[PDB]
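Notes follow the structure.
Computed from the coordinates by the stated procedures, all read-outs in this text should not be read as laboratory data. Methodologically, a virtual Cβ is constructed for each residue, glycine included, from the backbone with ideal geometry; neighbour enumeration extends over all protein chains shown.
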Ligand SMILES: *[C@@H]1O[C@H](CO)[C@@H](O[C@@H]2O[C@H](CO)[C@@H](O[C@@H]3O[C@H](CO[C@H]4O[C@H](CO[C@H]5O[C@H](CO)[C@@H](O)[C@H](O)[C@@H]5O)[C@@H](O)[C@H](O[C@H]5O[C@H](CO)[C@@H](O)[C@H](O)[C@@H]5O)[C@@H]4O)[C@@H](O)[C@H](O[C@H]4O[C@H](CO)[C@@H](O)[C@H](O)[C@@H]4O)[C@@H]3O)[C@H](O)[C@H]2NC(C)=O)[C@H](O)[C@H]1NC(C)=O
Ligand SMILES: *[C@@H]1O[C@H](CO)[C@@H](O[C@@H]2O[C@H](CO)[C@@H](O[C@@H]3O[C@H](CO[C@H]4O[C@H](CO[C@H]5O[C@H](CO)[C@@H](O)[C@H](O)[C@@H]5O)[C@@H](O)[C@H](O[C@H]5O[C@H](CO)[C@@H](O)[C@H](O)[C@@H]5O)[C@@H]4O)[C@@H](O)[C@H](O[C@H]4O[C@H](CO)[C@@H](O)[C@H](O)[C@@H]4O)[C@@H]3O)[C@H](O)[C@H]2NC(C)=O)[C@H](O)[C@H]1NC(C)=O
């Protein structure tokens, strides 16, 4: 087992737009790990975004993104998703999917990070 | 695995002499530097002396310099400490010690023996 | 495959006064058979009933954890406990043993500090406690607020490490919120260790605002 | 199988200050000397590999350690090259392989706080200096102590392993013992941290003094 996580779906969108991020998992049994998303906006300290349960019953969100983004996963396709709605200039950042051997539901210094993808929100 | 067994403690009058023997077993004694440490009642431990692998290098604490003599015999797997001109101040429990990395100076040694008691008094 | 055997914590030994030793077996590529682990003494005296726990890890590793309550006097007087591990696809049984560490004894000294305030965190502050000058390595560090011990997860404590002639040392880091210090501005760093006197504990209190 | 192998990343001091990063492959061999260990450096990209040095020494308990160090390109490492250390020995059934590349993920600059312990009974010629480096990530960091504008030997101080804070970044503690002669000479001791995300030149530092 070696953890490989590859993000996709970044790009440029106008404020008020929406975007869907797909993180593909490979090299481990995806259905055993909690998953999370982390972002870092240019020149700002990293911020934990959201996290998902193993089965999907538990969702957690930071207050800054709560009710705008919705996290989900498909365990048969080995793919984690983040659906972003009502984007603001505040949300321009690089986004990573992450996981940890012990704790992944909350903010943490996760053991594994993907490669990241960029979301630029502007006119 | 390092097993160290002290012997030779007892009761002696001021100015007397006593000889401490630490028997080594379970490892290649000829590869390790050796040292002696003591703890007097209600006082913090004090490093006493240390011996080189071959026997060429000797170190002593200032309190015991020229009064004690350390030695080792590698064919008999035995470390010795010869104490001359003993004082009441030298009443302590004595341990022989060794370490995988550093043993010449005072240190938090990896291995200690079982200890033996030396009482210097008028008796 | 690897096996480990712990010593009692000083908190278990001296505060609760019911020490326990844990034998831990970590099994990669598992489930060919069933792991059998047997507690024994070197002296041959009876061993108490042991708990046994099996948990599957996220990476597919199986861990087998067994914990034995041991006699308070027996451990202090140098008893030796052995955990012997049998499994059918293991070629020869793994044996681990444990006993009180011999050698000199030294009381910890405890110093507790409060980091300066930093932009971005004016609703929490970082508390830092230094425990040093002690030996043997075994120590338990605890944080108390309003006379009640905080959960262990609130703080993180470094592994003990040598100073080359002064004894072992450890640091403790705790994050406290504004509500907690507004409630009561006293946070207590307490160390449990064999050579501490009078009751095997030493502590120092720190406050955010002097 | 009685043998174990490990592979490092460049230290931040080598990478950003010395500016000659190096990666070290370590093979620790219990019950050794049946044959000779051959380890071959390779890349994932397939580009040439620099010449590597080798040191093999016997431990006190009779274990053999085989250490090889490879200089890596400063440009190559930062831009994500992947290096593999491949270990061959005649009593191994299959070769051991370890690989390394810069850790991915978000990055945060350290904060440094330096303290001076109170006087302690028993010595008027020594004091303990304590430095806290925290709130950074990734884990890779190098911590250094400077006095009289010159870096102290590594052995003078001891620095805790990086460990998580559950959402605030990694942290390490450093402990230094200073003698009376040194602070009488100049009462300023500087704790300096080298880290990738430190700015402006990959360094952050704080000075501490024995007597306020
Ligand atoms: C798949 O994932 C799993 C993850 O679970 C992984 O399995 C882990 O593998 C490693 C080894 O391969 C294991 O690590 C070992 O952990 C041992 C357990 O130590 C725990 O308990 C210690 C004792 O606690 C008792 O005693 C103390 C007082 O003594 C008392 O306070 C307690 O209440 C209790 O009664 C304890 O010391 C230790 O806690 C410290 O360390 C952890 C480590 O991160 C840290 O989280 C804490 O903050 C604390 O500082 C821990 O809680 C341990 O005994 C053992 O350590 C020895 O060996 C190493 C290696 O030589 C030495 O360096 C060290 O000096 C010791 O001699 C070792 O660290 C780990 O425990 C496995 N799993 C679990 C569930 O624990 C698999 O490897 C993964 N898959 C693959 C392919 O790797
Ligand atoms: C017989 O005796 C021998 C010798 O005593 C003993 O052999 C030891 O065997 C163990 C395993 O069985 C080895 O343990 C491993 O050690 C690895 C070496 O780490 C060294 O180098 C690390 C990398 O340094 C490079 O990079 C850094 C920055 O990254 C840079 O600063 C450097 O300049 C360099 O370029 C370094 O991190 C490490 O330093 C830490 O550890 C020392 C330990 O004393 C400590 O003093 C430091 O302050 C610092 O905390 C060290 O210098 C290491 O990579 C490896 O780590 C992995 O495993 C552990 C445990 O599973 C994990 O917790 C960890 O996350 C890693 O996955 C592991 O620690 C050990 O090195 C041997 N000792 C020697 C000298 O070779 C035998 O076991 C004995 N026989 C028996 C039967 O027991």
If each of residue D:104 and residue D:44 carries a label point 7 Å out from its Cα toward its Cβ, how far apart are those two points in nm?
0.9
Of B:50, B:25, B:71, the one that fluctuates the most in a GNM where chain B has Cα springs shorter than 10 Å
B:25
Testing the spin-label approximation: label points 7 Å from Cα along Cα→Cβ at residue C:52 and residue A:1. State their distance in nm.
2.5
For chain D, convex hull of alpha carbons as volume per residue, Å³:
175
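Pull out the extension gain between residue C:149 and residue C:185, defined as 0.36 nm times the separation in residues minus the alpha carbon to alpha carbon distance; nm, one decimal. All intermediate terms of the calculation are to be shown ahead of the outcome.
Numbers: separation 36, 0.36 × 36 = 12.96 nm, distance 1.49 nm.
Contour length minus Cα-Cα distance gives 11.5 nm.
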Cα radius of gyration and Dmax for chain B (Å)
13.5, 41
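Report Rg/Rh for the range C:54-135, rounded to two decimals, where Rg is the Cα radius of gyration and Rh the Kirkwood radius. Don't skip to the answer; put the middle values down first.
Details: Rg = 21.9 Å, Rh = 18.5 Å.
Using only Cα positions, Rg/Rh for the range C:54-135 is 1.19.
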Roughly how many Å is it from the Cα centre of the range B:36-96 to that of the range D:136-184, as a whole number?
34
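Normalising by the residue count of chain D, find the relative contact order in percent from Cα pairs under 8 Å and 6+ residues apart. Spell out each step's value before the answer.
Numbers: 448 pairs, mean separation 38.2, N = 212.
Relative contact order for chain D comes out at 18 percent.
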Calculated FRET value between residue B:44 and residue C:16, using beta carbons and R₀ = 22 Å, to 0.05
0.20
On full extension of the chain, what length is gained from residue C:90 through residue C:205, given 0.36 nm per residue of separation minus the C-alpha to C-alpha distance?
36.3 nm
Taking every residue in B:90-102, how many Cβ atoms of other protein chains lie within 10 Å of its Cβ, on average?
2
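Quick check of the Kirkwood formula: for the protein assembly as shown, what is the inverse mean of 1/r over all pairs of different Cα atoms, in Å? Mind dumping the intermediate values first?
On the way: mean 1/r = 0.0348 Å⁻¹.
Over the protein assembly as shown, the inverse of the mean reciprocal pair distance is 28.7 Å.
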Only counting other Cβ atoms within 10 Å, I'd like A:28, B:109 sorted with the fewest neighbours first.
A:28, B:109
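Report, as an integer, the average count of C-beta atoms from other chains found within 10 Å of each Cβ along D:106-118.
On the way: counts 17, 3, 5, 1, 0, 6, 0, 6, 0, 5, 0, 5, 2.
Partner Cβ neighbours, averaged per residue: 4.
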What list do you get for D:190, B:51 if you sort them by fewest beta carbons within 10 Å?
D:190, B:51
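Give me a single rounded figure for B:79-88: the average over its residues of other chain Cβ atoms within 10 Å of their Cβ. Mind dumping the intermediate values first?
Values: counts 0, 0, 0, 0, 0, 0, 0, 0, 0, 0.
So the per-residue partner count for this stretch is 0.
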Compare B:62, B:110, B:52 in a GNM of chain B, Cα atoms joined below 10 Å, and give the one with the largest fluctuation.
B:62
Counting other beta carbons within 10 Å of each residue's own, what order do B:47, C:118 fall into, fewest first?
C:118, B:47
Cα Rg, Dmax, the range D:5-49, angstrom units:
14.2, 41
